[PDB]
Amino acid sequence: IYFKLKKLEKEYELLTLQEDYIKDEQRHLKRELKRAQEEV
Amino acid sequence: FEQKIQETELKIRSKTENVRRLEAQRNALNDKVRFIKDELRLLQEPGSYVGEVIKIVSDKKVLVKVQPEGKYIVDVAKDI
């Protein structure tokens with residue numbers, strides 16, 4: 001009731017930290033895309 | 001605050017919905033850049049000749065005539 005919901009907070013804060021890693025890499029990744037389909 | 005647990009539990013899996021939707025976005029998109037980066041790797045690759053068989057020497061050894069030009073005994077690869 002007061003210890004279980006402490007857990008559910010921190011698993012969320014885990015999740016949000018990776019929701020940006022999956023994102024920003026795409027922002028970092030696409031710069032290789034045209035960088036490569038230009039070299040072609 | 002006892003209904004705090006109520007609102008949040010739906011907020012979580014509602015949020016996991018898009019992450020699987022994004023984990024699809026990444027891997028589906030990664031395999032794109034794989035190809036072109038594989039393809040471009042090997043248009044730099046060399047040519048490859050053409051020729052015809054006369055007979056076969058004992059094993060792992062055959063002969064070819066390159067159809068404009070002369071003969072060249074050879075070896076073969078793993079597969080054939």
# chains A, B, ... in the order shown; residues from 1 in each chain; ligands from 1

$ closest_atom_pairs --of "chain B" --to "chain A" --cutoff "12 Å" --atoms "only C-alpha atoms" --output "JSON lines"
{"residue": "B:1", "atom": "CA", "partner": "A:2", "partner_atom": "CA", "distance": 9.8}
{"residue": "B:2", "atom": "CA", "partner": "A:1", "partner_atom": "CA", "distance": 7.6}
{"residue": "B:3", "atom": "CA", "partner": "A:1", "partner_atom": "CA", "distance": 10.3}
{"residue": "B:4", "atom": "CA", "partner": "A:5", "partner_atom": "CA", "distance": 8.6}
{"residue": "B:5", "atom": "CA", "partner": "A:5", "partner_atom": "CA", "distance": 6.7}
{"residue": "B:6", "atom": "CA", "partner": "A:5", "partner_atom": "CA", "distance": 10.3}
{"residue": "B:7", "atom": "CA", "partner": "A:8", "partner_atom": "CA", "distance": 11.7}
{"residue": "B:8", "atom": "CA", "partner": "A:8", "partner_atom": "CA", "distance": 8.4}
{"residue": "B:9", "atom": "CA", "partner": "A:8", "partner_atom": "CA", "distance": 8.1}
{"residue": "B:10", "atom": "CA", "partner": "A:8", "partner_atom": "CA", "distance": 11.5}
{"residue": "B:11", "atom": "CA", "partner": "A:12", "partner_atom": "CA", "distance": 9.4}
{"residue": "B:12", "atom": "CA", "partner": "A:12", "partner_atom": "CA", "distance": 7.0}
{"residue": "B:13", "atom": "CA", "partner": "A:12", "partner_atom": "CA", "distance": 10.0}
{"residue": "B:14", "atom": "CA", "partner": "A:12", "partner_atom": "CA", "distance": 11.7}
{"residue": "B:15", "atom": "CA", "partner": "A:15", "partner_atom": "CA", "distance": 8.9}
{"residue": "B:16", "atom": "CA", "partner": "A:15", "partner_atom": "CA", "distance": 8.4}
{"residue": "B:17", "atom": "CA", "partner": "A:19", "partner_atom": "CA", "distance": 11.5}
{"residue": "B:18", "atom": "CA", "partner": "A:19", "partner_atom": "CA", "distance": 9.3}
{"residue": "B:19", "atom": "CA", "partner": "A:19", "partner_atom": "CA", "distance": 6.8}
{"residue": "B:20", "atom": "CA", "partner": "A:19", "partner_atom": "CA", "distance": 10.3}
{"residue": "B:21", "atom": "CA", "partner": "A:22", "partner_atom": "CA", "distance": 11.0}
{"residue": "B:22", "atom": "CA", "partner": "A:22", "partner_atom": "CA", "distance": 7.4}
{"residue": "B:23", "atom": "CA", "partner": "A:22", "partner_atom": "CA", "distance": 7.4}
{"residue": "B:24", "atom": "CA", "partner": "A:22", "partner_atom": "CA", "distance": 10.5}
{"residue": "B:25", "atom": "CA", "partner": "A:26", "partner_atom": "CA", "distance": 9.1}
{"residue": "B:26", "atom": "CA", "partner": "A:26", "partner_atom": "CA", "distance": 7.1}
{"residue": "B:27", "atom": "CA", "partner": "A:22", "partner_atom": "CA", "distance": 10.3}
{"residue": "B:28", "atom": "CA", "partner": "A:26", "partner_atom": "CA", "distance": 11.7}
{"residue": "B:29", "atom": "CA", "partner": "A:26", "partner_atom": "CA", "distance": 9.0}
{"residue": "B:30", "atom": "CA", "partner": "A:29", "partner_atom": "CA", "distance": 8.7}
{"residue": "B:31", "atom": "CA", "partner": "A:33", "partner_atom": "CA", "distance": 11.4}
{"residue": "B:32", "atom": "CA", "partner": "A:33", "partner_atom": "CA", "distance": 8.9}
{"residue": "B:33", "atom": "CA", "partner": "A:33", "partner_atom": "CA", "distance": 6.4}
{"residue": "B:34", "atom": "CA", "partner": "A:33", "partner_atom": "CA", "distance": 9.9}
{"residue": "B:35", "atom": "CA", "partner": "A:36", "partner_atom": "CA", "distance": 10.7}
{"residue": "B:36", "atom": "CA", "partner": "A:37", "partner_atom": "CA", "distance": 7.2}
{"residue": "B:37", "atom": "CA", "partner": "A:36", "partner_atom": "CA", "distance": 7.0}
{"residue": "B:38", "atom": "CA", "partner": "A:36", "partner_atom": "CA", "distance": 10.6}
{"residue": "B:39", "atom": "CA", "partner": "A:40", "partner_atom": "CA", "distance": 9.1}
{"residue": "B:40", "atom": "CA", "partner": "A:40", "partner_atom": "CA", "distance": 6.5}
{"residue": "B:41", "atom": "CA", "partner": "A:40", "partner_atom": "CA", "distance": 9.9}
{"residue": "B:42", "atom": "CA", "partner": "A:40", "partner_atom": "CA", "distance": 11.3}
{"residue": "B:43", "atom": "CA", "partner": "A:40", "partner_atom": "CA", "distance": 9.4}
{"residue": "B:44", "atom": "CA", "partner": "A:40", "partner_atom": "CA", "distance": 10.6}

$ select_by_dssp --residues "region 13-62 of chain B" --states "strand (DSSP E or B)" --output "JSON, numbers by chain"
{"B": [52, 53, 54, 55, 56, 62]}
